[PDB]
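Participant: This is start-v1.pdb, which holds PDB, C-alpha atoms:
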```
ATOM      1  CA  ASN H   1     -50.141  12.465 -23.297  1.00  0.00           C
ATOM      2  CA  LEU H   2     -46.507  13.073 -24.403  1.00  0.00           C
ATOM      3  CA  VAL H   3     -47.025  15.748 -27.109  1.00  0.00           C
ATOM      4  CA  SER H   4     -49.784  17.458 -25.039  1.00  0.00           C
ATOM      5  CA  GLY H   5     -47.267  17.629 -22.152  1.00  0.00           C
ATOM      6  CA  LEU H   6     -44.597  19.073 -24.498  1.00  0.00           C
ATOM      7  CA  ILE H   7     -46.783  21.779 -26.113  1.00  0.00           C
ATOM      8  CA  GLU H   8     -48.311  22.674 -22.699  1.00  0.00           C
ATOM      9  CA  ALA H   9     -44.825  22.941 -21.093  1.00  0.00           C
ATOM     10  CA  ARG H  10     -43.763  25.077 -24.100  1.00  0.00           C
ATOM     11  CA  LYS H  11     -46.913  27.296 -23.782  1.00  0.00           C
ATOM     12  CA  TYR H  12     -46.281  27.707 -20.011  1.00  0.00           C
ATOM     13  CA  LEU H  13     -42.564  28.568 -20.567  1.00  0.00           C
ATOM     14  CA  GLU H  14     -43.373  30.930 -23.486  1.00  0.00           C
ATOM     15  CA  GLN H  15     -46.192  32.693 -21.561  1.00  0.00           C
ATOM     16  CA  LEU H  16     -43.936  33.218 -18.500  1.00  0.00           C
ATOM     17  CA  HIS H  17     -41.098  34.495 -20.755  1.00  0.00           C
ATOM     18  CA  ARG H  18     -43.559  36.843 -22.571  1.00  0.00           C
ATOM     19  CA  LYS H  19     -44.804  38.322 -19.242  1.00  0.00           C
ATOM     20  CA  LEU H  20     -41.220  38.618 -17.886  1.00  0.00           C
ATOM     21  CA  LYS H  21     -40.212  40.311 -21.188  1.00  0.00           C
ATOM     22  CA  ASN H  22     -43.271  42.664 -21.122  1.00  0.00           C
ATOM     23  CA  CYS H  23     -42.209  43.613 -17.543  1.00  0.00           C
ATOM     24  CA  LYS H  24     -39.339  45.432 -19.393  1.00  0.00           C
ATOM     25  CA  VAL H  25     -37.690  47.212 -16.382  1.00  0.00           C
TER      26      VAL H  25
ATOM     27  CA  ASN D   1     -24.185  16.988 -26.775  1.00  0.00           C
ATOM     28  CA  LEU D   2     -23.399  18.171 -30.372  1.00  0.00           C
ATOM     29  CA  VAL D   3     -26.366  20.631 -30.230  1.00  0.00           C
ATOM     30  CA  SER D   4     -24.340  22.670 -27.631  1.00  0.00           C
ATOM     31  CA  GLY D   5     -25.690  24.561 -24.566  1.00  0.00           C
ATOM     32  CA  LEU D   6     -27.262  21.355 -23.061  1.00  0.00           C
ATOM     33  CA  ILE D   7     -24.616  20.571 -20.374  1.00  0.00           C
ATOM     34  CA  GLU D   8     -24.302  24.263 -19.323  1.00  0.00           C
ATOM     35  CA  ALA D   9     -28.094  24.825 -19.446  1.00  0.00           C
ATOM     36  CA  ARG D  10     -28.511  21.653 -17.303  1.00  0.00           C
ATOM     37  CA  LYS D  11     -25.728  22.745 -14.877  1.00  0.00           C
ATOM     38  CA  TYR D  12     -27.313  26.225 -14.505  1.00  0.00           C
ATOM     39  CA  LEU D  13     -30.860  24.737 -14.217  1.00  0.00           C
ATOM     40  CA  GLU D  14     -29.716  22.346 -11.442  1.00  0.00           C
ATOM     41  CA  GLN D  15     -27.525  24.941  -9.623  1.00  0.00           C
ATOM     42  CA  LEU D  16     -30.290  27.592  -9.684  1.00  0.00           C
ATOM     43  CA  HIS D  17     -33.062  25.097  -8.736  1.00  0.00           C
ATOM     44  CA  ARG D  18     -30.887  23.881  -5.798  1.00  0.00           C
ATOM     45  CA  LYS D  19     -30.031  27.468  -4.714  1.00  0.00           C
ATOM     46  CA  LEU D  20     -33.769  28.317  -4.869  1.00  0.00           C
ATOM     47  CA  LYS D  21     -34.626  25.082  -2.953  1.00  0.00           C
ATOM     48  CA  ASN D  22     -32.235  26.274  -0.187  1.00  0.00           C
ATOM     49  CA  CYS D  23     -34.584  29.334   0.129  1.00  0.00           C
ATOM     50  CA  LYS D  24     -36.728  26.693   1.994  1.00  0.00           C
ATOM     51  CA  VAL D  25     -39.746  28.991   2.710  1.00  0.00           C
TER      52      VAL D  25
ATOM     53  CA  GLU T   1     -43.580  16.116 -19.647  1.00  0.00           C
ATOM     54  CA  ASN T   2     -40.512  13.800 -19.910  1.00  0.00           C
ATOM     55  CA  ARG T   3     -38.495  14.685 -23.088  1.00  0.00           C
ATOM     56  CA  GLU T   4     -37.967  18.453 -23.709  1.00  0.00           C
ATOM     57  CA  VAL T   5     -38.679  21.335 -21.274  1.00  0.00           C
ATOM     58  CA  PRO T   6     -38.174  18.750 -18.482  1.00  0.00           C
ATOM     59  CA  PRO T   7     -39.954  18.734 -15.044  1.00  0.00           C
ATOM     60  CA  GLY T   8     -36.836  20.409 -13.531  1.00  0.00           C
ATOM     61  CA  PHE T   9     -37.917  23.663 -15.276  1.00  0.00           C
ATOM     62  CA  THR T  10     -41.492  23.635 -13.873  1.00  0.00           C
ATOM     63  CA  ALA T  11     -40.050  22.562 -10.485  1.00  0.00           C
ATOM     64  CA  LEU T  12     -37.503  25.463 -10.562  1.00  0.00           C
ATOM     65  CA  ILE T  13     -40.303  27.976 -11.335  1.00  0.00           C
ATOM     66  CA  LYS T  14     -42.544  26.418  -8.622  1.00  0.00           C
ATOM     67  CA  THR T  15     -39.583  26.685  -6.179  1.00  0.00           C
ATOM     68  CA  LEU T  16     -39.096  30.355  -7.247  1.00  0.00           C
ATOM     69  CA  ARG T  17     -42.812  30.984  -6.497  1.00  0.00           C
ATOM     70  CA  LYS T  18     -42.559  29.061  -3.151  1.00  0.00           C
ATOM     71  CA  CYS T  19     -39.461  31.189  -2.241  1.00  0.00           C
ATOM     72  CA  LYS T  20     -41.910  34.195  -2.474  1.00  0.00           C
ATOM     73  CA  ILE T  21     -40.257  35.887  -5.497  1.00  0.00           C
ATOM     74  CA  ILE T  22     -43.655  36.164  -7.296  1.00  0.00           C
TER      75      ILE T  22
ATOM     76  CA  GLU V   1     -33.245  14.003 -25.199  1.00  0.00           C
ATOM     77  CA  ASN V   2     -31.059  15.434 -28.018  1.00  0.00           C
ATOM     78  CA  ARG V   3     -31.844  19.161 -27.377  1.00  0.00           C
ATOM     79  CA  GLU V   4     -32.656  19.259 -23.639  1.00  0.00           C
ATOM     80  CA  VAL V   5     -33.345  22.695 -22.010  1.00  0.00           C
ATOM     81  CA  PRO V   6     -33.804  25.070 -25.000  1.00  0.00           C
ATOM     82  CA  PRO V   7     -32.536  28.672 -25.591  1.00  0.00           C
ATOM     83  CA  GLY V   8     -36.099  29.686 -24.544  1.00  0.00           C
ATOM     84  CA  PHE V   9     -35.100  28.792 -20.937  1.00  0.00           C
ATOM     85  CA  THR V  10     -32.061  31.127 -21.184  1.00  0.00           C
ATOM     86  CA  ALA V  11     -34.267  33.897 -22.671  1.00  0.00           C
ATOM     87  CA  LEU V  12     -36.819  33.322 -19.855  1.00  0.00           C
ATOM     88  CA  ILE V  13     -34.051  33.432 -17.178  1.00  0.00           C
ATOM     89  CA  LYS V  14     -32.551  36.590 -18.783  1.00  0.00           C
ATOM     90  CA  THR V  15     -35.955  38.373 -18.905  1.00  0.00           C
ATOM     91  CA  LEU V  16     -36.723  37.157 -15.324  1.00  0.00           C
ATOM     92  CA  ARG V  17     -33.378  38.535 -14.044  1.00  0.00           C
ATOM     93  CA  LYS V  18     -33.994  41.788 -16.001  1.00  0.00           C
ATOM     94  CA  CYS V  19     -37.570  42.136 -14.581  1.00  0.00           C
ATOM     95  CA  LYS V  20     -36.187  41.399 -11.068  1.00  0.00           C
ATOM     96  CA  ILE V  21     -33.230  43.840 -11.662  1.00  0.00           C
ATOM     97  CA  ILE V  22     -31.465  42.449  -8.536  1.00  0.00           C
TER      98      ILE V  22
END
```
Render the structure in this file as structure tokens.

Facilitator:
Amino acid sequence: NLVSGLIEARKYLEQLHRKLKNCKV
Amino acid sequence: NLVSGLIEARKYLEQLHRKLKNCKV
Amino acid sequence: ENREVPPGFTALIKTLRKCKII
Amino acid sequence: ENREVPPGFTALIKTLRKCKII
């Protein structure tokens, strides 16, 4: 499903970015 | 495209993905 | 996915993992 | 796609590079 794909890709990207931000150093 | 970034973001995405692919392991 | 946040992104990150970065 | 590869990717890459340091 197109929108499911989009929001899941967004969630994945966002979650990675959040972890990599929280890493801080 | 008028939105900006796109072509550079794409270029960087491709270049980095290719550089990483050359890691081969 | 095939519009925005294209497969190339996921593929890059997968390649980064495969390369043994994380 | 009108807005392909969003600022979020750049922010991710930046934070990745920061986290990596190297």

Participant: Residues of chain T no more than 12 Å from chain V, counting all atoms listed in the file: send them over as a list in words.

Facilitator: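 On the chain T side, the interface is residues 1, 2, 3, 4, 5, 6, 7, 8, 9, 10, 12, 13, 16, 21 and 22 of chain T.
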
Participant: With chain V laid on chain T by least squares, using all C-alpha atoms in order, how large is the RMSD?

Facilitator: 3.1 Å

Participant: When all Cα positions are paired in order and chain D is fitted onto chain H, what RMSD is left, to one decimal?

Facilitator: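 The optimal C-alpha superposition leaves an RMSD of 2.1 Å.
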
Participant: Work out how far apart CA of residue 10 (chain H) and CA of residue 24 (chain H) are and give it in Å to one decimal.

Facilitator: 21.4 Å

Participant: Using the chain letters and numbers from this file, what does the PyMOL selection byres ((chain D) within 7 of (chain T)) select? Give the answer as a list in words.

Facilitator: residues 17, 20, 21, 23, 24 and 25 of chain D

Participant: Any idea what the distance is between CA of residue 18 (chain D) and CA of residue 14 (chain H)?

Facilitator: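 Going from CA of residue 18 (chain D) over to CA of residue 14 (chain H), I get 22.8 Å.
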
Participant: As JSON, please: the centre and edge lengths in Å, to one decimal, of an axis-aligned box enclosing every listed atom of region 3-19 of chain T with 6 Å added on each side.

Facilitator:
```
{"center_x": -39.8, "center_y": 22.9, "center_z": -13.0, "size_x": 18.0, "size_y": 28.5, "size_z": 33.5}
```

Participant: What is the distance between CA of residue 1 (chain D) and CA of residue 22 (chain D), in Å to one decimal?

Facilitator: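 Computing it gives 29.3 Å between the two atoms.
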